[PDB]
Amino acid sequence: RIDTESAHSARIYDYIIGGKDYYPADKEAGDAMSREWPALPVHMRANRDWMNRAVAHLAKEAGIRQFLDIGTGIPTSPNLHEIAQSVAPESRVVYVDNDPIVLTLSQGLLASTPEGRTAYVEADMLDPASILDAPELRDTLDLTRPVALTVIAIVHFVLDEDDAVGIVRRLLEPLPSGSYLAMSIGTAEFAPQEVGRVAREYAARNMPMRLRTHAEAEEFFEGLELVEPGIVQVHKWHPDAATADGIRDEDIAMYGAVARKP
């Protein structure tokens, strides 16, 4: 089931940001993409760094102690639960992915603080019931208490015909007031030619992609209260000292946004 003869998004991602969890097909795809867009590693790294600042924000500033992460990806230190449990050891996290390789490396995701709880579910976000009714999720999270729904660097693989906005809002629906939605949303607006070429490289490798305008990204957050600065390129979302050190706007193809459910 690993299917090493074709490229997979989690593995290309892991290859580009410096992990070992990839195969020849994934390196080949990554290298072809970087040829088209030399800033790919800056962008992919900035996304992963955005995840870290967003989770830190949620855990620390917003006091969220429960996370549901859709499209978890291959584990890479610090993982979301590691950031959340470092602020608050009792924090709970459910990780979810549909790439079989993630399950093989799930031990790192399950390595929780004793006070906290983590779980991993292999499931498709296009089937929210299989996620929401998952025993692993129900034994881990209390849906009557606030939950941060993290949907990071995944929605660009969800085409309009599947209603990405609907799928996301369906997952947020059972979460109570005070919950949050944090997303990173792929866009070609800042480097249309190079990002466009990379998107067609994913499409040519059976990984259809949907890049979005700022107005399309706003659709996900209708009725939710956006945390300032709203929907901005990820390197401009609550940056650290050196978060944008040598990063041009054209080198970042993700919007980042965090919002509270009223």
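Start at 1 with the first residue shown and count on from there.
Stretch comparison (166-174 versus 125-133) by mean CA B-factor in the PDB entry places 125-133 on top. 10-18 and 244-252 differ in mean CA B-factor, and the higher of the two is recorded for 244-252. For the set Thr150, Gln107, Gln85, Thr118, the PDB entry assigns the largest Cα B-factor to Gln85. Within the group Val102, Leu159, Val94, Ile154, the record's highest C-alpha temperature factor is found at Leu159. In the deposited entry, the Cα temperature factor of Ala111 sits in the top third of values across the chain's modelled residues. Among the modelled residues of its chain, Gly186 has a C-alpha B-factor that falls in the lowest third, as given in the PDB entry. Among the modelled residues of its chain, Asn206 has a C-alpha B-factor that falls in the highest third according to the deposited record. Among all modelled residues in this chain, the alpha-carbon of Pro146 has a temperature factor (C-alpha) in the middle third. In the PDB entry, a CA B factor belonging to the highest third of its chain's modelled residues is recorded for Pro78.
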